[PDB]
Amino acid sequence: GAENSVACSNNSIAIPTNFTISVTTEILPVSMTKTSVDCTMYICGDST
Amino acid sequence: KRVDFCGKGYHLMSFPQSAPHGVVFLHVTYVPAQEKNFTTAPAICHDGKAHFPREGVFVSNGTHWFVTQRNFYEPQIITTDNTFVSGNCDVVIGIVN
Amino acid sequence: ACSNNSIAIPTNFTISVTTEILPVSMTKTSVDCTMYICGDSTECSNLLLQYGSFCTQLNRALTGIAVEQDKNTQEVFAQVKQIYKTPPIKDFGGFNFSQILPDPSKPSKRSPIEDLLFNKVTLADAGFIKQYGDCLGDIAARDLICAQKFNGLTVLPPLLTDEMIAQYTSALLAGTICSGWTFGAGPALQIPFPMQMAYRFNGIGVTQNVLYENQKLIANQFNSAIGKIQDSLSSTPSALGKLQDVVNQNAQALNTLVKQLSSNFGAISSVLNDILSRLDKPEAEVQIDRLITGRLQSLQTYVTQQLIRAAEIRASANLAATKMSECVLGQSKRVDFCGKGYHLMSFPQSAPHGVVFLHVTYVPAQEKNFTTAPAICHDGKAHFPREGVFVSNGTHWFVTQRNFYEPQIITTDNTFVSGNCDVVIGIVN
Amino acid sequence: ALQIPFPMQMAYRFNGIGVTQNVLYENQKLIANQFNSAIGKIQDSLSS
Amino acid sequence: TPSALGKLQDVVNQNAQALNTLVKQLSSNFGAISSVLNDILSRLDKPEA
Amino acid sequence: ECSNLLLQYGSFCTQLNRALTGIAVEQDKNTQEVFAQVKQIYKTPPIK
Amino acid sequence: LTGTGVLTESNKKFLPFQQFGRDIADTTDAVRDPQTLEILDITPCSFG
Amino acid sequence: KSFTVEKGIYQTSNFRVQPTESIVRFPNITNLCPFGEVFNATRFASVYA
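Protein chains in written order, with our numbering: chain A, 1 to 48; chain B, 1 to 97; chain C, 1 to 429; chain D, 1 to 48; chain E, 1 to 49; chain F, 1 to 48; chain G, 1 to 48; chain H, 1 to 49.
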């Protein structure tokens, strides 16, 4: 990041004067692929 | 109300926009932009009894004392409606008459 | 029993900095499949490429574990890109942070509490340079762990090093010293300790005026609790035994994985030179195909075990990312989350492949019994206070919150009307 | 562990929800009969 | 930018590439003469097969 | 003779016996963290 | 070979040098013959 | 496995030193081994002795 200054005191308050609204996207994996395998015909070729 | 779970500054609201195999959130976040240094006291002294604010802080321009809420800088006049009596002035560190 | 006419509220507390020692990460093993399975040989590597995409997915799985520990290290430590550097030690209100800021005397950036924690956790000389780098010939024989050359355990150093984990945690410190929770919300601000620690008492229901009377008491209890952690880490291994069990589970799995290098699994030797000699092999090669195949299944059982362990480390490390985000960068309202008790703040003093959250928790200790009233029937209406239940000495009623005892005077302004006296059962004149 | 009187703790067990305290404070016996009908329905719906 | 919608794209290639590395894992011989069914049927009689 | 062939596989089922011992101790410690929140026992209050 | 599937002609790129072959997942993918000059990939018999 | 590469660090492979020549430390004596004499013995003993 960038280096900021550390200032410490006894009684100081910083009630804000103006405000900025900014919107961002947040992305979550939720569900997944409905994979179902017929176990008999899959394993060792197309013969039963 | 959980910090950095959905919120950045505040958490206001979000929109569940659909997607293939999931959902995309859109959080309207919040940044406090501009702040300046002030001088405050925990209480104010009127008649030998300590006066506390309800939802306010006592701020000063240097000469006179004012009161407003903690979240926006627009000071109002210290009245008896905004303050309530709790304790005396000789147990408060930094109290101002 | 659950008394109708009496009430108990706690009136004293302890600032017990409960140390919840947590595995944010692990040894970043990214083993080459040809090095565990083959050592330096390549006919073995052709036998391993007959299975194709096992060890592509196994190496990609351990690579995703190592990149996942980098992601855990960056969601825990690298929350902010507004680093406050290490300040001159002044105006801290008596809160002695000398063990948790980095020291100027020692040439590395590790702290004296980290000089306790990096010195009791034995890595058993696990690394890359120690057995592989200088050892073109025989260098440092009879080592504590042996034959990692035939294992090929590329133990990667963390991408944030311990001096740079100390730099990030010192930045997160100086954010907590003279910033609120505002430094994690983009633009970082400055605020001193009476207001900042007053804000961190305010979020759990404690009124902030208790701190201004008791700043010396909370400072002395807090630095003596840091001294008790330092004396306990100088005395017993029971606190660090969670990550000592994590490092012993990891290194026990590693020298166990060396014992599955030693084992036969039905074969005649741990070497592969019994068939690799000049006889013709139409059928003779098939013997060590099965004999090496008896050795092949040890690694997938290992990375399945280490992947359920990495899912446990990922659960505790998303828990640790949640603990930096909601205990260091905020204050969590969740009950018994940030250690035991109501949380105040937390300091991330680092550890070998782990992090030691020093959860400052507010734990009450002393309890007193008082009488109570449901409401006050003042002028034919039921009167109610703003915040808190009723307590009484027997003739004078007061109102307090549930984590500390404060007396409040019954005034005109603190009472509001929300009902009549006849609909309220058992009201007190 | 401490002891708190019971309709007082019912008055602020829904204070974290948001609605003000007079929902179950004034109506002790009526919403008590509602929760008694609820546990009667749940006793029938879990015993059977 | 393509940096947004990254983890939904990541779980789409995790699912799709996991299904596709399951499908190309049927080319892997597994210590047999071949991964192909038809070579193992045609080259050998059944008790050796 | 099966036991002599079984110890010839090194420490697979040493790790499986330690793993199932860890599962048995794991259900003991899930019983500890879920059920045993405090170790002390308070008495049952009367139905009044 | 043995193939249980729907048979249809193909128009792939071919040589006499490239007479036979299989798929990357090892289904049937390259057949040439003097009887019918088209190539053959065995699509299966709508199995599911 | 693809001809497009995204941005990051990718752990490809590791290396070790190739040998230069083969070095054989034989015992420098010429002798036929006594398996010609032990197997071609007239007298063998009974099995308990």
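The C-beta atom is built at its ideal place from N, Cα and C for all residues, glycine as well.
Alpha-carbon to alpha-carbon, residue j and residue i
| i | j | result |
| --- | --- | --- |
| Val210(C) | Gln401(C) | 13 Å |
| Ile39(G) | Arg22(G) | 12 Å |
| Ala382(C) | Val19(D) | 18 Å |
| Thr236(C) | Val121(C) | 13 Å |
| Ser234(C) | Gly227(C) | 10 Å |
| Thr322(C) | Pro16(B) | 23 Å |
| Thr80(B) | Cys421(C) | 29 Å |
| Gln9(D) | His64(B) | 44 Å |
| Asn151(C) | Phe201(C) | 53 Å |
| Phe183(C) | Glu163(C) | 22 Å |
| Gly266(C) | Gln297(C) | 13 Å |
| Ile37(C) | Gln57(C) | 15 Å |
| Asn14(H) | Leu136(C) | 16 Å |
| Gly52(C) | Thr12(H) | 16 Å |
8 Å Cβ cutoff, residue i in contact with chain K
| i | result |
| --- | --- |
| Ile15(A) | Among the chains of the structure shown, chain K does not appear; the protein chains present are A, B, C, D, E, F, G and H. |
Proximity test, Cβ basis, 8 Å: residue i and chain E
| i | result |
| --- | --- |
| residue 430(C) | An answer regarding residue 430(C) cannot be provided, because it is not within the stretch 1 to 429 covered by chain C. |
| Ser22(A) | no |
| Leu1(G) | yes |
| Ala30(G) | no |
Cutoff 8 Å; reference residue i; Cβ partners in own chain excluding five residues on either side
| i | result |
| --- | --- |
| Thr42(H) | none |
| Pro7(D) | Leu24, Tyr25 and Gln28 |
| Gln221(C) | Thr14 and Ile15 |
| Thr28(G) | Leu1, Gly3, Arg22, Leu40, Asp41 and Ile42 |
Paired residues, beta bridge with residue i - DSSP
| i | result |
| --- | --- |
| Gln76(B) | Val67(B) |
| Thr18(C) | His359(C) |
| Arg22(G) | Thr28(G) |
| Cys45(G) | None, per the DSSP bridge assignment. |
| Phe370(C) | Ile7(C) |
| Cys377(C) | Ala382(C) |
| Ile39(G) | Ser10(G) |
| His343(C) | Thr361(C) |
Beta carbon proximity, residue i to chain G, threshold 8 Å
| i | result |
| --- | --- |
| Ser3(E) | no |
| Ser36(A) | no |
Test item: CB-CB of residue i and residue j under 8 Å
| i | j | result |
| --- | --- | --- |
| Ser35(E) | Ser42(E) | no |
| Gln167(C) | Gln148(C) | no |
| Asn29(E) | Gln300(C) | no |
| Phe390(C) | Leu22(C) | no |
| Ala33(B) | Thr20(A) | yes |
| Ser350(C) | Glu43(C) | no |
| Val360(C) | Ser346(C) | yes |
| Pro44(G) | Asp46(A) | yes |
| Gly175(C) | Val80(C) | yes |
| residue 100(B) | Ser12(A) | Residue 100(B) lies beyond the residue range present for chain B, which begins at 1 and ends at 97; the question has no answer from this structure. |
| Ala61(C) | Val303(C) | yes |
| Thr154(C) | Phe128(C) | yes |
Closer than 8 Å to chain B by CB, residue i
| i | result |
| --- | --- |
| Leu189(C) | yes |
| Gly388(C) | no |
| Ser31(A) | yes |
Any C-beta of chain D under 8 Å from that of residue i
| i | result |
| --- | --- |
| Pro385(C) | no |
| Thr372(C) | yes |
| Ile229(C) | no |
Chain F within 8 Å of residue i, Cβ atoms only
| i | result |
| --- | --- |
| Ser263(C) | yes |
Close Cβ partners of residue i (< 7 Å) along its chain, the five nearest in sequence each way excluded
| i | result |
| --- | --- |
| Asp103(C) | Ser111 and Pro112 |
Min CB distance residue i to chain A below 8 Å
| i | result |
| --- | --- |
| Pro87(C) | yes |
| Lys7(E) | yes |
| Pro44(G) | yes |
Neighbourhood of residue i by C-beta, 6 Å cutoff - its chain only, sequence neighbours within 5 removed
| i | result |
| --- | --- |
| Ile313(C) | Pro23 and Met26 |
| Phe20(G) | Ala30 |
| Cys178(C) | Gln190 |
| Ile65(C) | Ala310 |
| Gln260(C) | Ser298 |
Residue-chain proximity (residue i, chain C), Cβ-Cβ < 8 Å
| i | result |
| --- | --- |
| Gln25(E) | yes |
| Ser3(F) | no |
Proximity test, residue i beta-carbon vs the ligand FAD heavy atom, cut-off 7 Å
| i | result |
| --- | --- |
| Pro7(D) | Although the ligand FAD was asked about, the structure shown includes no ligands whatsoever. |
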